[PDB]
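Visitor: Pasting in a structure now, in structure tokens, and then I'll have a few things to ask.
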Amino acid sequence: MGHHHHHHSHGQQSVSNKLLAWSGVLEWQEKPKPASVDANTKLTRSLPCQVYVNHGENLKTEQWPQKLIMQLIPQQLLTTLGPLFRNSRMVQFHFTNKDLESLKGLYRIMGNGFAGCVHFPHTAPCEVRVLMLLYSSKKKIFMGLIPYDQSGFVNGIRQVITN
């Protein structure tokens, strides 16, 4: 896809003062039923999401893909991963504007007490495998906890897959 008309300039206030590290598409599958069929042609949602790091942050990003895949799981079960949310790198997702209707879909999902495990493809020679997207209904910002652990966090998410 030769993107001739490439889009630019979306630095609307949502953070206090953070720098833009990454800008690409976050796509996921909604889980409306624990049993039906669950294949392609389900509830597919996708937004242009922006990852803001804290100015001189260790995260170089760069080699990260133009698109990441996210997993909708109940936030009830994440309470078991207590230390895995404390040993993490807290960043913010602007989602390029906050008034999108597919984004109001994501406000609805996480408003029902759900969360989004963002599983990365091939990014860079050792950096980020996975992070947890957690919307703050308090401060109206989307959070991204990157556990410096990574591997043991995945083992937790594997057990949360059940049902």
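Chain labels run A, B, ... following the order of the structure tokens; each chain numbers its residues from 1, and ligands are numbered from 1 in the order shown.
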Taking the backbone alone, and naming residues the way the document does, which bits of stretch 16-161 of chain A are strand (DSSP E or B) by DSSP, as a VMD selection string?

Guide: chain A and resid 19 to 29 44 to 53 67 to 74 88 to 93 114 to 119 130 to 135 142 to 147

Visitor: Neighbours of stretch 100-117 of chain A within 7 Å (only C-alpha atoms; same-chain residues fewer than 6 positions away dropped), as a PyMOL selection string?

Guide: chain A and resi 45+70-75+131-135

Visitor: Within 12 Å of residue A:7, counting only C-alpha atoms, which residues qualify if same-chain residues fewer than 2 places away don't, as a VMD selection string?

Guide: chain A and resid 3 to 5 9 to 10 23 to 24 48 96

Visitor: Include N, CA, C and O atoms and write out the residues we just selected as a PDB file, in the first residue's frame.

Guide:
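Resulting contents of result_3.pdb:
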```pdb
ATOM      1  N   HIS A   3       1.290   4.643   0.473  1.00  0.00           N
ATOM      2  CA  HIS A   3       0.599   5.782   1.128  1.00  0.00           C
ATOM      3  C   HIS A   3       1.141   7.146   0.613  1.00  0.00           C
ATOM      4  O   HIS A   3       2.111   7.691   1.159  1.00  0.00           O
ATOM      5  N   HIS A   4       0.533   7.654  -0.478  1.00  0.00           N
ATOM      6  CA  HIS A   4       0.872   8.969  -1.061  1.00  0.00           C
ATOM      7  C   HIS A   4       0.413  10.111  -0.121  1.00  0.00           C
ATOM      8  O   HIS A   4       1.222  10.945   0.309  1.00  0.00           O
ATOM      9  N   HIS A   5      -0.895  10.128   0.198  1.00  0.00           N
ATOM     10  CA  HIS A   5      -1.476  11.109   1.134  1.00  0.00           C
ATOM     11  C   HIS A   5      -1.295  10.611   2.597  1.00  0.00           C
ATOM     12  O   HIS A   5      -2.203  10.006   3.188  1.00  0.00           O
ATOM     13  N   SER A   9       0.400  15.837  12.175  1.00  0.00           N
ATOM     14  CA  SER A   9       0.032  16.939  13.110  1.00  0.00           C
ATOM     15  C   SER A   9      -1.221  16.618  13.963  1.00  0.00           C
ATOM     16  O   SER A   9      -2.336  17.063  13.661  1.00  0.00           O
ATOM     17  N   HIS A  10      -1.020  15.797  15.015  1.00  0.00           N
ATOM     18  CA  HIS A  10      -2.044  15.508  16.051  1.00  0.00           C
ATOM     19  C   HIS A  10      -1.396  15.452  17.453  1.00  0.00           C
ATOM     20  O   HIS A  10      -1.144  14.369  18.001  1.00  0.00           O
ATOM     21  N   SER A  23       3.368   5.962  16.764  1.00  0.00           N
ATOM     22  CA  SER A  23       2.057   6.301  16.172  1.00  0.00           C
ATOM     23  C   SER A  23       1.676   5.257  15.091  1.00  0.00           C
ATOM     24  O   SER A  23       2.288   5.202  14.017  1.00  0.00           O
ATOM     25  N   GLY A  24       0.682   4.409  15.412  1.00  0.00           N
ATOM     26  CA  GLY A  24       0.189   3.367  14.494  1.00  0.00           C
ATOM     27  C   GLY A  24      -1.176   2.820  14.914  1.00  0.00           C
ATOM     28  O   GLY A  24      -1.766   3.305  15.868  1.00  0.00           O
ATOM     29  N   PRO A  48      -6.271   4.547  15.302  1.00  0.00           N
ATOM     30  CA  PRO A  48      -4.888   5.071  15.225  1.00  0.00           C
ATOM     31  C   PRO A  48      -4.397   5.558  16.621  1.00  0.00           C
ATOM     32  O   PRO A  48      -4.721   6.657  17.051  1.00  0.00           O
ATOM     33  N   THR A  96      -5.163   9.483  19.029  1.00  0.00           N
ATOM     34  CA  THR A  96      -5.335  10.512  17.968  1.00  0.00           C
ATOM     35  C   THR A  96      -6.781  11.083  17.978  1.00  0.00           C
ATOM     36  O   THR A  96      -7.652  10.568  17.260  1.00  0.00           O
TER      37      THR A  96
END
```

Visitor: Could you name the residues that touch residue A:65 at 9 Å or less, counting only C-alpha atoms, but leaving out those on the same chain fewer than 6 positions away, as an NGL selection string?

Guide: :A and (24 or 120-123)

Visitor: Deliver the residues from the most recent selection as a file, using N, CA, C and O atoms, as a PDB file, in the first residue's frame.

Guide:
```pdb
ATOM      1  N   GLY A  24       0.682   4.409  15.412  1.00  0.00           N
ATOM      2  CA  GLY A  24       0.189   3.367  14.494  1.00  0.00           C
ATOM      3  C   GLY A  24      -1.176   2.820  14.914  1.00  0.00           C
ATOM      4  O   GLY A  24      -1.766   3.305  15.868  1.00  0.00           O
ATOM      5  N   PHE A 120       2.531  -7.588  21.039  1.00  0.00           N
ATOM      6  CA  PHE A 120       3.369  -7.071  19.935  1.00  0.00           C
ATOM      7  C   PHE A 120       3.831  -8.210  18.985  1.00  0.00           C
ATOM      8  O   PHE A 120       4.125  -9.319  19.445  1.00  0.00           O
ATOM      9  N   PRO A 121       3.870  -7.961  17.634  1.00  0.00           N
ATOM     10  CA  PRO A 121       4.626  -8.821  16.670  1.00  0.00           C
ATOM     11  C   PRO A 121       6.173  -8.644  16.827  1.00  0.00           C
ATOM     12  O   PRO A 121       6.652  -8.291  17.913  1.00  0.00           O
ATOM     13  N   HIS A 122       6.955  -8.921  15.760  1.00  0.00           N
ATOM     14  CA  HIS A 122       8.421  -8.673  15.762  1.00  0.00           C
ATOM     15  C   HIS A 122       8.722  -7.152  15.711  1.00  0.00           C
ATOM     16  O   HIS A 122       8.466  -6.486  14.702  1.00  0.00           O
ATOM     17  N   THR A 123       9.252  -6.620  16.830  1.00  0.00           N
ATOM     18  CA  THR A 123       9.512  -5.173  17.019  1.00  0.00           C
ATOM     19  C   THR A 123      11.018  -4.841  16.856  1.00  0.00           C
ATOM     20  O   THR A 123      11.448  -4.443  15.775  1.00  0.00           O
TER      21      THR A 123
END
```

Visitor: Give me, as a PyMOL selection string, all polymer residues having an atom no more than 12 Å from residue A:118, counting only C-alpha atoms and skipping those fewer than 6 positions away in the same chain.

Guide: chain A and resi 25-29+49+67-73+93+128-134+143-147+150+153-154+157

Visitor: The selected residues should be written to file as a short mmCIF file (atom, residue, chain, number, x, y, z; two decimals), in the first residue's frame (atoms: N, CA, C and O atoms).

Guide:
```
data_model
loop_
_atom_site.label_atom_id
_atom_site.label_comp_id
_atom_site.auth_asym_id
_atom_site.auth_seq_id
_atom_site.Cartn_x
_atom_site.Cartn_y
_atom_site.Cartn_z
N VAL A 25 -1.66 1.78 14.23
CA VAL A 25 -3.04 1.26 14.41
C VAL A 25 -3.09 0.13 15.47
O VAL A 25 -2.39 -0.87 15.36
N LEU A 26 -3.95 0.29 16.49
CA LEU A 26 -4.25 -0.77 17.47
C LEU A 26 -5.57 -1.47 17.07
O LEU A 26 -6.63 -0.84 17.07
N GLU A 27 -5.50 -2.76 16.69
CA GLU A 27 -6.68 -3.56 16.29
C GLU A 27 -6.91 -4.72 17.27
O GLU A 27 -5.97 -5.36 17.73
N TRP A 28 -8.19 -5.00 17.57
CA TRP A 28 -8.59 -6.07 18.50
C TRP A 28 -9.89 -6.77 18.05
O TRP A 28 -10.56 -6.35 17.10
N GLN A 29 -10.21 -7.85 18.77
CA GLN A 29 -11.47 -8.60 18.63
C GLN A 29 -12.28 -8.46 19.93
O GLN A 29 -11.75 -8.69 21.03
N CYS A 49 -3.61 4.73 17.33
CA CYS A 49 -3.20 5.02 18.73
C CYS A 49 -1.76 5.57 18.80
O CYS A 49 -0.86 5.11 18.09
N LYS A 67 1.25 -1.39 13.11
CA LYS A 67 0.02 -1.96 13.69
C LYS A 67 0.34 -2.99 14.82
O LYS A 67 1.22 -3.84 14.65
N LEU A 68 -0.38 -2.87 15.95
CA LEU A 68 -0.33 -3.83 17.09
C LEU A 68 -1.69 -4.54 17.27
O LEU A 68 -2.74 -4.00 16.89
N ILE A 69 -1.68 -5.76 17.85
CA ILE A 69 -2.91 -6.54 18.12
C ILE A 69 -3.17 -6.61 19.65
O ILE A 69 -2.25 -6.88 20.43
N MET A 70 -4.43 -6.38 20.05
CA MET A 70 -4.83 -6.31 21.47
C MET A 70 -5.89 -7.39 21.82
O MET A 70 -6.68 -7.80 20.96
N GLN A 71 -5.88 -7.86 23.08
CA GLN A 71 -6.75 -8.96 23.56
C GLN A 71 -7.69 -8.47 24.70
O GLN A 71 -7.22 -8.14 25.79
N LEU A 72 -9.01 -8.43 24.43
CA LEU A 72 -10.03 -8.05 25.45
C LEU A 72 -10.29 -9.20 26.45
O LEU A 72 -10.88 -10.23 26.10
N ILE A 73 -9.84 -8.99 27.70
CA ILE A 73 -10.03 -9.94 28.82
C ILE A 73 -10.61 -9.19 30.05
O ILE A 73 -10.34 -8.00 30.23
N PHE A 93 -1.78 6.44 26.08
CA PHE A 93 -2.29 6.33 24.69
C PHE A 93 -3.33 7.44 24.42
O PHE A 93 -4.41 7.45 25.01
N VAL A 128 10.21 -4.73 23.87
CA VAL A 128 8.81 -4.93 24.35
C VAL A 128 8.10 -6.10 23.61
O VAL A 128 7.86 -6.04 22.40
N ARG A 129 7.82 -7.16 24.37
CA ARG A 129 6.96 -8.29 23.97
C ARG A 129 5.44 -7.93 24.05
O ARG A 129 4.68 -8.19 23.11
N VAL A 130 5.01 -7.36 25.20
CA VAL A 130 3.57 -7.14 25.50
C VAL A 130 3.37 -6.00 26.55
O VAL A 130 4.24 -5.76 27.39
N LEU A 131 2.23 -5.29 26.49
CA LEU A 131 1.81 -4.32 27.54
C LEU A 131 0.31 -4.46 27.84
O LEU A 131 -0.42 -5.14 27.12
N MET A 132 -0.15 -3.83 28.94
CA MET A 132 -1.57 -3.84 29.33
C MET A 132 -2.20 -2.44 29.18
O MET A 132 -1.83 -1.50 29.90
N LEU A 133 -3.16 -2.32 28.25
CA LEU A 133 -3.96 -1.10 28.05
C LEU A 133 -5.12 -1.06 29.08
O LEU A 133 -6.00 -1.93 29.07
N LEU A 134 -5.09 -0.06 29.97
CA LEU A 134 -6.06 0.12 31.07
C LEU A 134 -6.61 1.55 31.08
O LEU A 134 -5.89 2.49 31.43
N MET A 143 -4.11 4.21 29.82
CA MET A 143 -2.78 3.87 30.38
C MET A 143 -2.19 2.62 29.67
O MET A 143 -2.93 1.79 29.16
N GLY A 144 -0.85 2.53 29.64
CA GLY A 144 -0.15 1.39 29.02
C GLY A 144 0.99 0.90 29.90
O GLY A 144 2.09 1.46 29.87
N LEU A 145 0.72 -0.12 30.71
CA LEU A 145 1.69 -0.70 31.66
C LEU A 145 2.57 -1.77 30.96
O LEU A 145 2.08 -2.84 30.62
N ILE A 146 3.86 -1.43 30.73
CA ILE A 146 4.85 -2.34 30.10
C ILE A 146 5.71 -3.04 31.21
O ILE A 146 6.71 -2.47 31.65
N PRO A 147 5.32 -4.27 31.69
CA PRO A 147 6.05 -4.95 32.79
C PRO A 147 7.48 -5.34 32.36
O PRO A 147 7.65 -6.15 31.46
N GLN A 150 7.88 -8.91 31.47
CA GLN A 150 7.33 -9.34 30.14
C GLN A 150 6.92 -10.85 30.11
O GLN A 150 5.73 -11.17 29.99
N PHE A 153 4.53 -12.25 32.88
CA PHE A 153 3.25 -11.57 32.64
C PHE A 153 2.42 -12.33 31.58
O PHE A 153 1.22 -12.53 31.77
N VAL A 154 3.10 -12.77 30.49
CA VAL A 154 2.48 -13.61 29.44
C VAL A 154 1.90 -14.91 30.05
O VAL A 154 0.76 -15.26 29.76
N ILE A 157 -1.36 -14.03 31.64
CA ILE A 157 -2.36 -13.78 30.57
C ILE A 157 -2.89 -15.11 29.94
O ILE A 157 -4.08 -15.21 29.62
#
```

Visitor: As an exercise, work out the distance from atom CA of residue A:12 to atom CA of residue A:58 in Å and give it to one decimal place.

Guide: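 That distance, rounded to one decimal, is 23.6 Å.
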
Visitor: Considering only alpha helix (DSSP H) as DSSP defines it on the backbone, what residues of chain A qualify? List them as a list in words.

Guide: residues 101, 102, 103, 104, 105, 106, 107, 108, 109, 110, 111, 151, 152, 153, 154, 155, 156, 157, 158, 159 and 160 of chain A

Visitor: Include C-alpha atoms and write out the residues we just selected as an mmCIF file, in the first residue's frame.

Guide:
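selection-v9.cif was written with the following content:
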```cif
data_model
loop_
_atom_site.group_PDB
_atom_site.id
_atom_site.type_symbol
_atom_site.label_atom_id
_atom_site.label_comp_id
_atom_site.auth_asym_id
_atom_site.auth_seq_id
_atom_site.Cartn_x
_atom_site.Cartn_y
_atom_site.Cartn_z
ATOM 1 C CA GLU A 101 -17.288 6.361 17.835
ATOM 2 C CA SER A 102 -15.121 3.123 17.636
ATOM 3 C CA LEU A 103 -13.153 4.697 20.550
ATOM 4 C CA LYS A 104 -16.542 5.280 22.365
ATOM 5 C CA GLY A 105 -16.944 1.522 21.794
ATOM 6 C CA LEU A 106 -13.628 1.049 23.736
ATOM 7 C CA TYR A 107 -14.906 3.537 26.467
ATOM 8 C CA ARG A 108 -17.986 1.186 26.694
ATOM 9 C CA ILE A 109 -15.964 -2.131 26.895
ATOM 10 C CA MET A 110 -13.530 -0.899 29.644
ATOM 11 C CA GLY A 111 -16.507 0.917 31.304
ATOM 12 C CA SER A 151 7.734 -13.226 30.048
ATOM 13 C CA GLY A 152 6.045 -14.084 33.435
ATOM 14 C CA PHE A 153 3.254 -11.566 32.640
ATOM 15 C CA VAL A 154 2.477 -13.608 29.437
ATOM 16 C CA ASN A 155 2.223 -16.810 31.667
ATOM 17 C CA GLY A 156 -0.415 -14.909 33.726
ATOM 18 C CA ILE A 157 -2.360 -13.783 30.572
ATOM 19 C CA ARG A 158 -2.332 -17.463 29.294
ATOM 20 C CA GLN A 159 -4.344 -18.509 32.426
ATOM 21 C CA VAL A 160 -6.730 -15.459 31.974
#
```

Visitor: In Å, rounded to a single decimal, give me how far atom CA of residue A:76 is from atom CA of residue A:39.

Guide: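 Interatomic distance, atom CA of residue A:39 to atom CA of residue A:76: 24.7 Å.
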
Visitor: Can you measure atom CA of residue A:79 to atom CA of residue A:64 for me? One decimal in Å is fine.

Guide: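 The value is 28.9 Å.
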
Visitor: Using only C-alpha atoms, which residues sit within 8 Å of residue A:61 once same-chain residues fewer than 2 positions away are excluded, as a list in words?

Guide: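 In the requested format, the answer is residues 21, 22, 59, 63, 64 and 124 of chain A.
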
Visitor: With distances taken over only C-alpha atoms, which residue among A:80, A:138, A:19, A:99 lies nearest residue A:55?

Guide: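 When distances to residue A:55 are compared using only C-alpha atoms, the smallest one comes from A:19.
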